[PDB]
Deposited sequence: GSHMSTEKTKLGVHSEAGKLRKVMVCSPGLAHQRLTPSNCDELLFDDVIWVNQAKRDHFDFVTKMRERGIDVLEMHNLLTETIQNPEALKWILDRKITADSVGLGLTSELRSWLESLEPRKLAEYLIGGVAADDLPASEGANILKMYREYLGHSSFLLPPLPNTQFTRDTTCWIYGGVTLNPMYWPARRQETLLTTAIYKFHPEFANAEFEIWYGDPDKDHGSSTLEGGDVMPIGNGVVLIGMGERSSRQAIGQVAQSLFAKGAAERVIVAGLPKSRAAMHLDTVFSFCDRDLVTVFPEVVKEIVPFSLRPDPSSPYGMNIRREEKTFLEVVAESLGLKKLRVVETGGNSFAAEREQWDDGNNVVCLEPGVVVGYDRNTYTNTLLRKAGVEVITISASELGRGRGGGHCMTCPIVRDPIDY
């Protein structure tokens, strides 16, 4: 069937993931912050753990797309490579004296190796002996100063693109360095076979424009069903983006309502404090969720900009309940800073009441089980060494609707 995500809990048929790899190999305690990644991880173990995650979904018949594979195949079309390289390798990003050598060398590589470098970055050392490479090597040695920076956050495929019903967003990331990730995913959606001939809409976003203060991040976006879309507004998703995203969905009739979850204020996305596990069940970080201010945004013909907004009176949990035609949501609280502390938010639902979470979250997983949910677990030693879990590491593409 047609590409599209119709809820948070419906049967998952196709999802995109990206395994840890070269990017993470380039991590050092000293370059972590600038690479916008929490810490250094045991790469090979992380790979085995991500593989076990991938294997567990596949064994239940889910089609799991891995970003490195998709990129490797996209890149085999001369036009797609050209499209990425034209944007990725310029004087402004690489430098005058390196664009030509860097591109010639990249272009000579085998498909899979080239894809690993596009995601894992390129160091002066990878280049064949050259003056340019040499000057860079000097700045590193003499000044402590990558031609192409590694993109360790690709592992979190939820961040950069969002499938909302019969369409996708190409999210204008908060940190400029992360726009490199949205660039490669866009190349995939543009040129790859799984996408090029498939019907779907591009609701918002474009790697070729600036967006300025308009920013959107995957963790904040959820098409919950019933023509509704939840979008968290906080440190990473701005009102400027959300409005344009809503106007676009409305203009095409793709949605009836967009519920803006206003987060109070440490950057956090909606999915790190709120997640679905079943038709009427959710985990929650009580501390934030009870302070969320819900705003309803609806299509309005008598308005210049074509929509109107209303702050909702009830709590966010009541607003979401009613929007799904539910009397109330069953809620499992987690996080908070009872053997020990744990934060079981951010699990990824495979189908109603079937979830994948982390092994460490024993208390919370026990509550989810007691609440009727089957919890499949994977190791978090390296994958969840910092932020995000299953939800963060998956980008749903085809997920069936649920109901009223």
Sequence order list of spans that the model leaves without C-alpha positions, deposited numbering: 1-8, 154-155, 276-277, 350-354
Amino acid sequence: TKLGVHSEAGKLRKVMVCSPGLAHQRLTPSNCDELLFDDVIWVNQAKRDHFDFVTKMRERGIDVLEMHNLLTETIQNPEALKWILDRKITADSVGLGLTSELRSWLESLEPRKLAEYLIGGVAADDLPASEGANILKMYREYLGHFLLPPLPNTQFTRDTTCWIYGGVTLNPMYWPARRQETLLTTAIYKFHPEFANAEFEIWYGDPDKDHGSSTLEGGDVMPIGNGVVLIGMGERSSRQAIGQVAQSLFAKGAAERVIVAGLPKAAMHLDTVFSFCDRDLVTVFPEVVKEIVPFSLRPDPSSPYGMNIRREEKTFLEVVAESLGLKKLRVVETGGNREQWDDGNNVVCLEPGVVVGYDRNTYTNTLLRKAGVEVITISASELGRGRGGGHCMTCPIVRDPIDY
From here on, numbers count along this sequence of modelled residues.
Stretch exceeding the other in mean C-alpha B-factor - 211-219, 127-135: 127-135
Using only C-alpha atoms and the B-factors in the entry, which stretch averages higher, 391-399 or 378-386? 378-386
Would you mind finding, among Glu34, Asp63, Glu351, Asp49, the residue with the largest C-alpha temperature factor in the entry? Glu34
So if I compare the CA B-factors in the entry for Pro176, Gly95, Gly262, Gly120, which one is the largest? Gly95
C-alpha B factor of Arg140, ranked within the chain: lowest, middle or highest third? highest
Taking only the Cα B-factors deposited for this chain, tell me whether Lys56 sits in the lowest, middle or highest third. lowest
If you rank the chain by CA B-factor, which third does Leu326 end up in: lowest, middle or highest? highest
The third of the chain into which the C-alpha temperature factor of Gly232 falls is the lowest
If you rank the chain by CA B-factor, which third does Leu85 end up in: lowest, middle or highest? middle
